[PDB]
Structures are given as C-alpha cells and as structure tokens.
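A short worksheet on the structure shown next.
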2 protein chains.
Amino acid sequence: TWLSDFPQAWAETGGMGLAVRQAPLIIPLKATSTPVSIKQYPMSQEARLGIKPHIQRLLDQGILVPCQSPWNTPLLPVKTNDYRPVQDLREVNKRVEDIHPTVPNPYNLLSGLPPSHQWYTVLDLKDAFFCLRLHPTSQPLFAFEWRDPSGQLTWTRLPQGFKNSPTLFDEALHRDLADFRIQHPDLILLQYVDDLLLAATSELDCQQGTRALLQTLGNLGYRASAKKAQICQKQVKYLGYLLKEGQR
Amino acid sequence: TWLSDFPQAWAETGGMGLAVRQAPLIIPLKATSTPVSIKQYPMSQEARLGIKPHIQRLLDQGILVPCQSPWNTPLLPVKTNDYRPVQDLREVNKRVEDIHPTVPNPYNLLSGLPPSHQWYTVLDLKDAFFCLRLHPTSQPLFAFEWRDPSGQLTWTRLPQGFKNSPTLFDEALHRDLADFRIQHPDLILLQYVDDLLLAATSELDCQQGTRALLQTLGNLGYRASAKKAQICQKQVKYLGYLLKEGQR
DNA sequence: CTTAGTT
DNA sequence: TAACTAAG
DNA sequence: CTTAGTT
DNA sequence: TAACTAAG
Ligand SMILES: [Co+3]
Ligand SMILES: [Co+3]
C-alpha cells in the first residue's frame with residue numbers, strides 16, 4: 001500500500017506538481033543582454049504530429065500559454081523511436097546572468113553518509129522543473145513559435161534546458177525540506193537536484209521516515225516516480241553509485 | 001701597424017691556429033651508444049668539384065686524414081652562390097653524452113659590464129674549433145666517405161656541427177686566458193665561444209690592452225679575423241647589441 | 001639528402 | 001591531423 | 001536545425 | 001588546420 005497510502009506524492013496518481021511555497025522566479029539578465037528572435041525551422045508533418053499531444057497537454061495544464069514576445073527560439077523534432085518537444089534555449093542561456101553553483105558534486109555529497117545508516121530509500125522527482133513557477137516578467141524569455149497549419153507560446157514554469165534550472169530547483173527543494181530535516185534528525189537526507197536519498201538506522205526508522213517524507217513531499221507540491229522508486233533497501237542505486245553496506 | 005705588429009695573431013697572416021696548451025679532447029659516449037654508418041648521398045659533379053678545394057686544404061693542413069671507421073655520416077652540397085662542405089653530424093650528436101652548458105647567455109654576459117669602461121675592442125676568432133685537437137680514440141666518431149671518382153676521411157680537430165663544440169671551445173679559451181685576466185685586472189674581458197669583447201677605461205689602457213691580448217692570443221695558438229675586427233672604439237657591435245656609451 | 005619541430 | 005622551414 | 005568543443 | 005559528436 002505504498003502507493004495507496006500517498007496518492008498526492010506520486011506523479012502516477014498525483015497529476016502534476018506545483019511547489020506552492022515558492023514564489024515565481026525572476027531570471028535576471030546580463031546588463032548587456034537584448035532579445036534574440038530565432039526563426040522556426042521547418043518540420044515534417046509526422047514530427048509536428050508527434051509533438052502536438054505534448055503541446056496539447058501542457059496547454060491544458062496551464063504550463064504553456066499563448067504570448068507575444070521579442071524572444072523566440074527554435075523547437076526541435078527528436079527521436080526510443082518516438083518524438084518529444086525539445087527547445088533550443090542555448091541563445092537565451094548566453095544572455096541570462098549566471099548564478100553561483102550550489103549543487104554539490106556527487107562525490108562530496110556521498111561523503112557525508114555515516115556508515116551507521118544502512119537502510120536506503122531512493123526517489124527521483126517527476127517533471128521536477130515544472131513544479132516551480134515563473135514570474136510573468138521572466139516568462140517572455142523562453143517563448144517559441146508553434147503552429148499546426150500560429151504565433152508564440154511560452155512557459156509558466158521553469159523550463160527544460162534553462163541553464164540555471166537544476167541549481168534553482170536544488171535551492172528550492174533544500175528550502176522546502178529544511179523543516180523535515182529538523183523534524184527527523186536521526187535520518188540522513190541527500191539532495192542532488194531531483195534525485196533524493198534517505199538513509200536510516202533501522203528498517204523501522206526507514207519506513208517511518210519514508211512515510212514522513214512521502215507525505216511532506218505530496219503536500220508541498222512535488223511528485224515522485226512510483227515506477228523508478230526504491231523503498232527501504234540495504235542496496236540501492238543512487239546517482240550511478242551502488243550502495244551495498246556502505247560501499248561506493 | 002695593427003696588422004704588422006702581430007702577424008701570428010691574425011688568420012690572414014698567421015696561417016692556421018692550434019691551441020697548443022690544450023690536450024686533445026675525448027668525446028665520451030652515452031652508455032647505450034653504438035656506431036651508425038649512413039651511406040653517402042650522390043652528388044652532382046659540379047658540387048663535388050666545388051668541395052674538392054676544401055677537402056684538399058684541410059688534408060694538407062693535417063686537419064683531415066684518411067681512416068677506416070664504423071661511424072660514417074653524409075656530406076652535403078650547400079649554396080652566396082658558392083659551395084662549402086657541410087657534414088651531417090646529427091646522428092652522432094644523438095649518441096654523444098651531453099655536457100653541462102657553461103656558455104652564459106648574452107644578456108647575463110653583458111650584465112657584468114661596468115659603465116666606467118667605455119673603450120671597446122671586438123674580435124671574432126677564425127676557424128675557432130679547428131684550434132682544438134681531437135684525441136685519436138675519439139676521431140673515428142666523425143668519419144665520412146669521400147671520393148672524386150674512395151673511402152673514409154675524418155677530422156683531427158674539433159669539427160663543425162659537433163653539438164658540444166661551442167661549449168668545449170668556451171671552456172678551452174677561458175682556461176687559456178685565465179692568466180691574461182689576472183695580468184690586467186683593470187680590463188674587462190667578455191667571452192662567448194669565439195667572439196670576444198675587451199673594454200677599458202682610457203683609450204690608452206685599451207690600445208695597451210689590445211696589444212697584450214693580441215700577443216697573448218697569437219702565442220697561445222688562436223687566430224682572429226683582421227677583417228671583421230673592431231679596435232679601440234667607443235661604439236662597437238658585440239653579439240648583436242650596439243654598445244654606444246654603455247647602452248644596450 | 002634528411003629531419004626536428006612548428007597553426 | 002594537413003606541409004613547410006631551417007638546420008645538420 | 002545549429003553549434004561548443006574535441007587529435 | 002582536416003570533420004565528428006553530442007547536446008540544446
Ligand atoms: Co616558424
Ligand atoms: Co570525444
């Protein structure tokens with residue numbers, strides 16, 4: 001009943017997330033930056049047809065909305081022999097002011113894992129970035145032209161490929177789990193963007209903790225993949241390392 | 001009468017030099033080195049004809065002599081639209097043990113020039129290397145095949161292109177002028193392989209010094225170019241620098 | 001002649 | 001990874 | 001589509 | 001100074 005007991009925590013049975021606690025972000029520009037409008041490349045009818053179902057959803061979910069901006073970047077058809085929209089935000093990235101990296105690199109992250117905690121739970125957050133709202137004055141930065149034969153659509157949430165997206169989500173989630181960290185000082189919580197690791201002393205403290213977290217997460221607005229989940233094992237796969245009794 | 005007063009000091013009127021004080025050198029090998037015999041490349045009759053007059057002289061002067069060695073390197077025709085023998089000692093160089101560089105680089109050499117000494121004399125030594133005898137056990141290293149349609153000829157003096165030749169001549173001449181340096185402490189003598197610089201306080205001390213040196217050199221066995229000579233000036237050309245009142 | 005070393 | 005030079 | 005960066 | 005890749 002791991003799934004039944006926490007409906008709002010899993011993407012499979014929680015719909016879509018929304019970090020309600022987090023104010024919509026602004027994307028500060030470089031003092032030199034001016035809009036760039038890149039024309040849309042043509043696109044096979046098949047490609048454009050495989051991309052419509054995504055543009056349709058995110059439009060109903062209010063993640064995409066129409067707009068009218070001087071910023072415009074191209075959209076892409078990419079093949080898993082299926083299609084999925086991919087925006088080319090490289091020219092926008094060049095113009096966005098950089099932020100200080102806070103995401104610790106995986107090695108130093110795992111350093112702070114006491115060997116005493118041998119009961120692991122691993123969760124990846126589903127559509128992590130969309131959980132973070134964009135402030136309207138920043139939304140025009142990622143507009144893109146769309147048409148199924150027109151005009152511009154942009155994002156209302158932190159988008160795929162925005163160079164600062166992983167750092168910003170990290171700062172957001174660390175903020176939002178600050179409480180949890182305090183409510184459960186016997187547990188060890190590891191944070192790398194969207195991938196989490198919870199380690200405990202006993203299989204008791206692990207399950208009880210995995211519930212406290214899965215509840216904390218659903219309420220706060222994020223969603224985890226019930227598929228790729230790994231609940232209360234002594235052996236889990238976190239950020240490419242294998243964890244078997246404290247090794248790797 | 002600069003020329004008349006010192007016949008044995010100038011190559012023009014002193015024939016050929018011979019550092020009589022210096023024992024014939026040995027060329028120590030690398031512990032790994034074994035002879036290499038490189039076959040002679042063909043050679044236009046014109047080239048070979050322009051090279052015969054040199055091979056003829058150095059044979060009469062006893063600088064070249066016949067021999068029979070496992071070492072053999074190629075001889076070269078080079079164009080000044082005239083010919084002059086040039087040996088390719090590169091493969092022998094690879095096999096000769098290196099020696100510690102003692103030749104100071106020109107910058108640091110000129111550093112020790114007191115501005116008080118503004119009266120210069122500059123001399124280049126003619127056929128410097130041939131003034132140094134080779135020990136017979138080392139001579140076979142630079143053999144080369146010669147024929148005016150055969151067999152090997154080698155050198156009895158330090159040869160053109162031997163990688164250690166300039167350092168060895170420097171050590172030799174510094175040795176041989178150690179006395180002079182002491183006999184004339186008011187003069188400044190500068191040594192770079194074959195190019196010398198003598199600087200003095202007065203034009204008196206310069207001329208008197210240039211005589212003491214030109215005599216010291218002739219007796220010891222070296223010869224200077226009376227052509228390219230520069231005697232008692234306040235402005236001379238030494239190792240590419242211009243010396244005008246202590247500048248450069 | 002070959003070749004050590006160069007955007 | 002495409003010759004080109006100066007030097008023996 | 002483009003393009004940052006690689007013996 | 002000859003493309004070739006992965007990534008947006
Ligand atoms: Co160059
Ligand atoms: Co690679």
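Following the order of the structure tokens, chains are lettered A, B, ..., residues in each are numbered from 1, and ligands are numbered from 1.
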
Fit target chain B, mobile chain A, all Cα in order, as an mmCIF file with C-alpha atoms, in the first residue's frame:
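Full text of result.cif as output:
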```cif
data_model
loop_
_atom_site.group_PDB
_atom_site.id
_atom_site.type_symbol
_atom_site.label_atom_id
_atom_site.label_comp_id
_atom_site.auth_asym_id
_atom_site.auth_seq_id
_atom_site.Cartn_x
_atom_site.Cartn_y
_atom_site.Cartn_z
ATOM 1 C CA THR A 1 100.519 48.770 -37.998
ATOM 2 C CA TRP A 2 97.907 46.851 -36.025
ATOM 3 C CA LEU A 3 98.326 44.046 -38.555
ATOM 4 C CA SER A 4 102.103 44.293 -38.982
ATOM 5 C CA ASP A 5 102.732 44.327 -35.228
ATOM 6 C CA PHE A 6 101.025 40.944 -34.572
ATOM 7 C CA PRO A 7 101.499 38.563 -37.516
ATOM 8 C CA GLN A 8 100.767 35.328 -35.641
ATOM 9 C CA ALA A 9 97.523 36.725 -34.173
ATOM 10 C CA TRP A 10 95.524 37.225 -37.395
ATOM 11 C CA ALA A 11 94.223 34.375 -39.534
ATOM 12 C CA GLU A 12 95.059 36.462 -42.606
ATOM 13 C CA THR A 13 98.783 36.437 -41.737
ATOM 14 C CA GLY A 14 99.065 33.623 -39.192
ATOM 15 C CA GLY A 15 98.018 30.624 -41.248
ATOM 16 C CA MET A 16 96.051 28.251 -39.031
ATOM 17 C CA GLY A 17 95.632 28.034 -35.280
ATOM 18 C CA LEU A 18 96.305 25.310 -32.732
ATOM 19 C CA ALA A 19 95.571 25.695 -29.020
ATOM 20 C CA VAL A 20 98.907 24.128 -28.095
ATOM 21 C CA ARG A 21 98.138 24.254 -24.362
ATOM 22 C CA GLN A 22 95.013 22.077 -24.664
ATOM 23 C CA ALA A 23 95.276 18.299 -24.572
ATOM 24 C CA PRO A 24 93.379 16.526 -27.372
ATOM 25 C CA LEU A 25 89.785 16.044 -26.279
ATOM 26 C CA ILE A 26 87.907 12.793 -25.801
ATOM 27 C CA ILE A 27 84.208 12.652 -26.668
ATOM 28 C CA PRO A 28 82.558 10.388 -24.060
ATOM 29 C CA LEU A 29 79.641 8.366 -25.380
ATOM 30 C CA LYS A 30 76.258 7.516 -23.938
ATOM 31 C CA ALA A 31 76.393 4.126 -22.227
ATOM 32 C CA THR A 32 73.871 2.955 -24.854
ATOM 33 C CA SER A 33 75.585 4.330 -27.962
ATOM 34 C CA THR A 34 76.781 2.130 -30.839
ATOM 35 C CA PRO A 35 78.252 3.229 -34.188
ATOM 36 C CA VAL A 36 75.980 4.310 -37.033
ATOM 37 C CA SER A 37 77.060 4.192 -40.691
ATOM 38 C CA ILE A 38 74.988 6.388 -43.010
ATOM 39 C CA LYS A 39 75.663 5.942 -46.716
ATOM 40 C CA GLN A 40 76.809 8.924 -48.759
ATOM 41 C CA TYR A 41 74.130 10.506 -50.911
ATOM 42 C CA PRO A 42 75.040 11.057 -54.579
ATOM 43 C CA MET A 43 76.379 14.462 -55.511
ATOM 44 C CA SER A 44 76.471 16.450 -58.744
ATOM 45 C CA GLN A 45 79.889 16.624 -60.368
ATOM 46 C CA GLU A 46 79.708 20.413 -60.027
ATOM 47 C CA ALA A 47 79.021 20.159 -56.294
ATOM 48 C CA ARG A 48 81.754 17.572 -55.731
ATOM 49 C CA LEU A 49 84.074 19.799 -57.774
ATOM 50 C CA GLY A 50 83.379 22.855 -55.613
ATOM 51 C CA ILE A 51 84.047 20.794 -52.489
ATOM 52 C CA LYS A 52 87.404 19.337 -53.579
ATOM 53 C CA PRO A 53 89.391 22.554 -52.867
ATOM 54 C CA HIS A 54 88.326 22.485 -49.212
ATOM 55 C CA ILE A 55 88.981 18.758 -48.735
ATOM 56 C CA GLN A 56 92.348 19.416 -50.382
ATOM 57 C CA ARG A 57 93.434 22.191 -47.996
ATOM 58 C CA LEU A 58 92.338 20.579 -44.728
ATOM 59 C CA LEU A 59 94.156 17.466 -45.950
ATOM 60 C CA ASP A 60 97.405 19.388 -46.463
ATOM 61 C CA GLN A 61 96.878 21.193 -43.143
ATOM 62 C CA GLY A 62 96.539 17.797 -41.454
ATOM 63 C CA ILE A 63 93.044 18.690 -40.261
ATOM 64 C CA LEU A 64 91.573 15.842 -42.313
ATOM 65 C CA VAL A 65 93.325 12.483 -42.650
ATOM 66 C CA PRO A 66 92.341 9.055 -44.036
ATOM 67 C CA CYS A 67 90.859 6.462 -41.717
ATOM 68 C CA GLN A 68 88.578 3.432 -41.503
ATOM 69 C CA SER A 69 85.701 3.539 -39.022
ATOM 70 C CA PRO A 70 82.236 2.077 -38.410
ATOM 71 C CA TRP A 71 80.996 5.638 -37.943
ATOM 72 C CA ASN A 72 80.048 7.395 -41.164
ATOM 73 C CA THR A 73 77.754 10.361 -41.775
ATOM 74 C CA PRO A 74 76.777 12.068 -45.043
ATOM 75 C CA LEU A 75 78.437 15.100 -46.603
ATOM 76 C CA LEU A 76 76.432 17.908 -48.134
ATOM 77 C CA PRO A 77 76.430 20.343 -51.075
ATOM 78 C CA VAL A 78 75.226 23.799 -49.963
ATOM 79 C CA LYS A 79 74.996 27.170 -51.698
ATOM 80 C CA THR A 80 76.420 33.421 -51.667
ATOM 81 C CA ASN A 81 76.194 31.129 -54.703
ATOM 82 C CA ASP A 82 79.233 29.032 -53.799
ATOM 83 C CA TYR A 83 79.805 25.579 -52.326
ATOM 84 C CA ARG A 84 81.316 24.606 -48.975
ATOM 85 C CA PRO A 85 81.392 21.176 -47.281
ATOM 86 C CA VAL A 86 78.812 20.641 -44.535
ATOM 87 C CA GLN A 87 78.724 17.387 -42.567
ATOM 88 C CA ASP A 88 75.519 15.952 -41.107
ATOM 89 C CA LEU A 89 76.624 15.060 -37.579
ATOM 90 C CA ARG A 90 73.057 14.866 -36.264
ATOM 91 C CA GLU A 91 73.075 11.092 -35.779
ATOM 92 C CA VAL A 92 76.439 11.220 -33.993
ATOM 93 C CA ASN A 93 75.200 14.033 -31.743
ATOM 94 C CA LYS A 94 72.324 11.800 -30.625
ATOM 95 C CA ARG A 95 74.910 9.296 -29.368
ATOM 96 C CA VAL A 96 77.380 11.637 -27.617
ATOM 97 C CA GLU A 97 76.915 12.180 -23.890
ATOM 98 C CA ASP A 98 75.785 15.715 -23.140
ATOM 99 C CA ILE A 99 77.902 18.125 -21.108
ATOM 100 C CA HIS A 100 76.747 20.839 -18.746
ATOM 101 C CA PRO A 101 76.189 24.192 -20.508
ATOM 102 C CA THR A 102 78.725 26.754 -19.312
ATOM 103 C CA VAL A 103 78.318 29.310 -22.127
ATOM 104 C CA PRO A 104 76.468 32.202 -20.438
ATOM 105 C CA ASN A 105 73.658 33.611 -22.470
ATOM 106 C CA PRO A 106 74.471 37.029 -23.986
ATOM 107 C CA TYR A 107 72.159 39.042 -21.704
ATOM 108 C CA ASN A 108 73.716 37.929 -18.420
ATOM 109 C CA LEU A 109 77.152 38.144 -20.050
ATOM 110 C CA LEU A 110 76.789 41.861 -20.779
ATOM 111 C CA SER A 111 75.340 42.455 -17.298
ATOM 112 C CA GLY A 112 78.842 42.451 -15.829
ATOM 113 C CA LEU A 113 79.951 45.441 -17.921
ATOM 114 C CA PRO A 114 80.782 48.421 -15.664
ATOM 115 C CA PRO A 115 79.628 51.676 -17.298
ATOM 116 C CA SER A 116 83.053 53.107 -16.403
ATOM 117 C CA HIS A 117 84.703 51.125 -19.237
ATOM 118 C CA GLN A 118 83.754 52.873 -22.485
ATOM 119 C CA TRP A 119 86.663 51.889 -24.778
ATOM 120 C CA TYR A 120 85.880 48.712 -26.691
ATOM 121 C CA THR A 121 87.691 46.174 -28.848
ATOM 122 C CA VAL A 122 85.837 43.300 -30.519
ATOM 123 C CA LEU A 123 87.397 40.192 -32.060
ATOM 124 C CA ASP A 124 85.926 37.065 -33.613
ATOM 125 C CA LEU A 125 88.172 34.007 -33.704
ATOM 126 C CA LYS A 126 88.682 32.487 -37.153
ATOM 127 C CA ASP A 127 88.072 28.750 -37.588
ATOM 128 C CA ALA A 128 87.780 28.613 -33.814
ATOM 129 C CA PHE A 129 87.030 24.914 -33.434
ATOM 130 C CA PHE A 130 89.942 23.640 -35.533
ATOM 131 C CA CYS A 131 92.265 25.154 -32.909
ATOM 132 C CA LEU A 132 91.358 22.249 -30.586
ATOM 133 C CA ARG A 133 92.872 18.815 -31.139
ATOM 134 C CA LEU A 134 90.823 15.625 -31.125
ATOM 135 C CA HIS A 135 92.164 12.599 -29.311
ATOM 136 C CA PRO A 136 92.728 9.688 -31.734
ATOM 137 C CA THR A 137 90.317 7.383 -29.902
ATOM 138 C CA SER A 138 87.570 9.981 -30.487
ATOM 139 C CA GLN A 139 88.431 10.849 -34.095
ATOM 140 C CA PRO A 140 86.595 7.840 -35.642
ATOM 141 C CA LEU A 141 83.284 9.337 -34.474
ATOM 142 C CA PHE A 142 83.067 11.918 -37.290
ATOM 143 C CA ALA A 143 84.448 9.910 -40.224
ATOM 144 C CA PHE A 144 82.765 10.416 -43.604
ATOM 145 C CA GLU A 145 83.211 8.846 -47.023
ATOM 146 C CA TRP A 146 84.854 10.999 -49.694
ATOM 147 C CA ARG A 147 85.697 10.198 -53.302
ATOM 148 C CA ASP A 148 86.440 12.077 -56.523
ATOM 149 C CA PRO A 149 85.914 9.154 -58.998
ATOM 150 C CA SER A 150 87.328 6.262 -52.193
ATOM 151 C CA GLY A 151 86.739 5.501 -48.533
ATOM 152 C CA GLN A 152 86.715 7.386 -45.296
ATOM 153 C CA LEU A 153 88.247 10.621 -44.028
ATOM 154 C CA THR A 154 87.887 12.029 -40.506
ATOM 155 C CA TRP A 155 88.881 15.111 -38.517
ATOM 156 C CA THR A 156 91.812 15.627 -36.171
ATOM 157 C CA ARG A 157 90.332 18.816 -34.678
ATOM 158 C CA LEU A 158 87.018 19.762 -33.126
ATOM 159 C CA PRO A 159 84.587 19.680 -36.068
ATOM 160 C CA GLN A 160 81.862 21.897 -37.493
ATOM 161 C CA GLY A 161 78.483 20.818 -36.154
ATOM 162 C CA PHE A 162 79.552 18.703 -33.191
ATOM 163 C CA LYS A 163 76.843 19.652 -30.718
ATOM 164 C CA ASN A 164 79.324 20.188 -27.863
ATOM 165 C CA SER A 165 81.851 22.131 -29.952
ATOM 166 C CA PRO A 166 80.920 25.663 -28.771
ATOM 167 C CA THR A 167 80.837 24.730 -25.088
ATOM 168 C CA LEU A 168 84.165 22.910 -25.361
ATOM 169 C CA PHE A 169 85.861 25.847 -27.090
ATOM 170 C CA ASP A 170 84.488 28.196 -24.427
ATOM 171 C CA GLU A 171 85.953 26.079 -21.623
ATOM 172 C CA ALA A 172 89.247 25.907 -23.520
ATOM 173 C CA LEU A 173 89.614 29.637 -24.126
ATOM 174 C CA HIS A 174 88.512 30.623 -20.622
ATOM 175 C CA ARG A 175 91.222 28.255 -19.390
ATOM 176 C CA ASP A 176 93.809 29.760 -21.726
ATOM 177 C CA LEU A 177 93.057 33.404 -20.865
ATOM 178 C CA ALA A 178 92.896 32.851 -17.099
ATOM 179 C CA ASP A 179 96.434 34.238 -16.892
ATOM 180 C CA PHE A 180 95.711 37.322 -19.013
ATOM 181 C CA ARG A 181 92.655 38.116 -16.886
ATOM 182 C CA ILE A 182 94.996 38.263 -13.894
ATOM 183 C CA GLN A 183 97.788 40.198 -15.614
ATOM 184 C CA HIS A 184 95.342 43.019 -16.485
ATOM 185 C CA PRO A 185 92.799 43.481 -13.676
ATOM 186 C CA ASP A 186 91.762 46.948 -14.884
ATOM 187 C CA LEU A 187 90.440 45.492 -18.156
ATOM 188 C CA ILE A 188 87.123 43.719 -18.725
ATOM 189 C CA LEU A 189 87.216 40.650 -20.978
ATOM 190 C CA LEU A 190 83.982 39.085 -22.237
ATOM 191 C CA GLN A 191 83.851 35.580 -23.701
ATOM 192 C CA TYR A 192 81.125 33.994 -25.843
ATOM 193 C CA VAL A 193 82.552 30.951 -27.632
ATOM 194 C CA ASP A 194 84.625 32.640 -30.358
ATOM 195 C CA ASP A 195 83.508 36.287 -30.011
ATOM 196 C CA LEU A 196 85.437 38.440 -27.533
ATOM 197 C CA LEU A 197 84.951 41.910 -26.057
ATOM 198 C CA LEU A 198 87.712 43.897 -24.352
ATOM 199 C CA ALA A 199 86.713 47.130 -22.606
ATOM 200 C CA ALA A 200 88.959 49.645 -20.854
ATOM 201 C CA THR A 201 88.899 52.989 -19.060
ATOM 202 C CA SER A 202 91.144 55.100 -21.307
ATOM 203 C CA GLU A 203 91.946 54.795 -24.985
ATOM 204 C CA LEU A 204 95.463 54.296 -23.621
ATOM 205 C CA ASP A 205 94.503 51.319 -21.456
ATOM 206 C CA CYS A 206 92.500 49.997 -24.420
ATOM 207 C CA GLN A 207 95.301 50.011 -27.000
ATOM 208 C CA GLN A 208 97.872 48.768 -24.485
ATOM 209 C CA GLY A 209 95.391 46.046 -23.572
ATOM 210 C CA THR A 210 94.535 45.148 -27.161
ATOM 211 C CA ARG A 211 98.262 44.602 -27.716
ATOM 212 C CA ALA A 212 98.656 42.464 -24.591
ATOM 213 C CA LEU A 213 95.721 40.335 -25.765
ATOM 214 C CA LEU A 214 96.575 40.132 -29.476
ATOM 215 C CA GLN A 215 100.021 38.934 -28.394
ATOM 216 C CA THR A 216 98.625 36.513 -25.807
ATOM 217 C CA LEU A 217 96.326 35.029 -28.442
ATOM 218 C CA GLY A 218 98.843 34.532 -31.243
ATOM 219 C CA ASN A 219 101.317 32.751 -28.981
ATOM 220 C CA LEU A 220 98.611 30.537 -27.487
ATOM 221 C CA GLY A 221 97.521 29.337 -30.924
ATOM 222 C CA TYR A 222 94.304 31.129 -31.866
ATOM 223 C CA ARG A 223 93.714 33.470 -34.803
ATOM 224 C CA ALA A 224 91.355 36.433 -35.169
ATOM 225 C CA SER A 225 89.786 37.948 -38.278
ATOM 226 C CA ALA A 226 91.667 41.142 -39.088
ATOM 227 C CA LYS A 227 88.791 41.905 -41.471
ATOM 228 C CA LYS A 228 85.809 41.907 -39.088
ATOM 229 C CA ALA A 229 87.987 43.376 -36.298
ATOM 230 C CA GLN A 230 86.914 46.424 -34.281
ATOM 231 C CA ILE A 231 89.801 48.081 -32.438
ATOM 232 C CA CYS A 232 89.510 50.671 -29.648
ATOM 233 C CA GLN A 233 86.157 52.314 -30.384
ATOM 234 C CA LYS A 234 83.561 53.860 -28.111
ATOM 235 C CA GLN A 235 80.975 52.207 -30.401
ATOM 236 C CA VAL A 236 81.225 48.515 -31.329
ATOM 237 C CA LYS A 237 78.972 45.654 -32.435
ATOM 238 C CA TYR A 238 79.170 42.725 -29.993
ATOM 239 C CA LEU A 239 76.805 39.730 -30.155
ATOM 240 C CA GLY A 240 74.156 41.731 -31.956
ATOM 241 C CA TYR A 241 73.967 44.514 -29.356
ATOM 242 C CA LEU A 242 75.150 48.031 -30.146
ATOM 243 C CA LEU A 243 77.435 49.482 -27.459
ATOM 244 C CA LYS A 244 77.380 53.307 -27.572
ATOM 245 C CA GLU A 245 78.370 54.809 -24.214
ATOM 246 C CA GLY A 246 77.133 51.821 -22.214
ATOM 247 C CA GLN A 247 73.741 51.467 -23.902
ATOM 248 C CA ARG A 248 72.184 48.162 -24.960
#
```

* To do: Return as a VMD selection string the full set of residues in range 11-159 of chain A whose backbone-based DSSP assignment is strand (DSSP E).
  => chain A and resid 64 to 66 75 to 76 86 to 87 119 to 124 144 to 145 152 to 155

With C-alpha atoms kept, could you save the residues just selected as a PDB file, in the first residue's frame?
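The new file selection18.pdb reads:
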```pdb
ATOM      1  CA  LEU A  64       2.186  26.575 -21.724  1.00  0.00           C
ATOM      2  CA  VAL A  65       0.110  29.630 -22.632  1.00  0.00           C
ATOM      3  CA  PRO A  66      -0.047  31.985 -25.644  1.00  0.00           C
ATOM      4  CA  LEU A  75      11.690  23.904 -31.421  1.00  0.00           C
ATOM      5  CA  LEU A  76      13.065  20.504 -32.315  1.00  0.00           C
ATOM      6  CA  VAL A  86      12.936  19.886 -27.247  1.00  0.00           C
ATOM      7  CA  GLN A  87      13.554  23.638 -27.172  1.00  0.00           C
ATOM      8  CA  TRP A 119      18.641   1.378   5.208  1.00  0.00           C
ATOM      9  CA  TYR A 120      18.091   3.303   1.990  1.00  0.00           C
ATOM     10  CA  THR A 121      15.218   4.842   0.054  1.00  0.00           C
ATOM     11  CA  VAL A 122      15.756   6.480  -3.340  1.00  0.00           C
ATOM     12  CA  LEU A 123      13.324   8.768  -5.160  1.00  0.00           C
ATOM     13  CA  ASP A 124      13.551  10.727  -8.396  1.00  0.00           C
ATOM     14  CA  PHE A 144       8.735  29.877 -29.132  1.00  0.00           C
ATOM     15  CA  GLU A 145       6.590  29.852 -32.255  1.00  0.00           C
ATOM     16  CA  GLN A 152       4.137  32.298 -29.935  1.00  0.00           C
ATOM     17  CA  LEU A 153       3.737  30.127 -26.846  1.00  0.00           C
ATOM     18  CA  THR A 154       5.834  30.353 -23.674  1.00  0.00           C
ATOM     19  CA  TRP A 155       6.223  28.569 -20.340  1.00  0.00           C
TER      20      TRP A 155
END
```

* Asked: Can I get the residues close to ligand 1 as a VMD selection string, where close means within 9 Å and we count only C-alpha atoms (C1' of nucleotides) and all ligand atoms?
  -> (chain C and resid 5 to 6) or (chain D and resid 4 to 5)

* helix (DSSP H, G or I) positions in range 46-235 of chain A, given as a ChimeraX atom specification -> /A:46-60,90-95,106-111,129-131,139-142,165-183,203-220

* Contacts of residue 1 in chain F within 9 Å, only C-alpha atoms (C1' of nucleotides), excl. fewer than 3 positions in-chain, as a ChimeraX atom specification -> /C:7 /D:1-2

Using only C-alpha atoms (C1' of nucleotides), what does the table of chain E residues within 10 Å of chain A look like, with each row giving the shortest atom pair and its distance in Å to one decimal, sorted by chain and ascending number, as CSV?
```
residue,atom,partner,partner_atom,distance
E:1,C1',A:41,CA,6.1
E:2,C1',A:88,CA,9.1
E:3,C1',A:90,CA,9.4
```
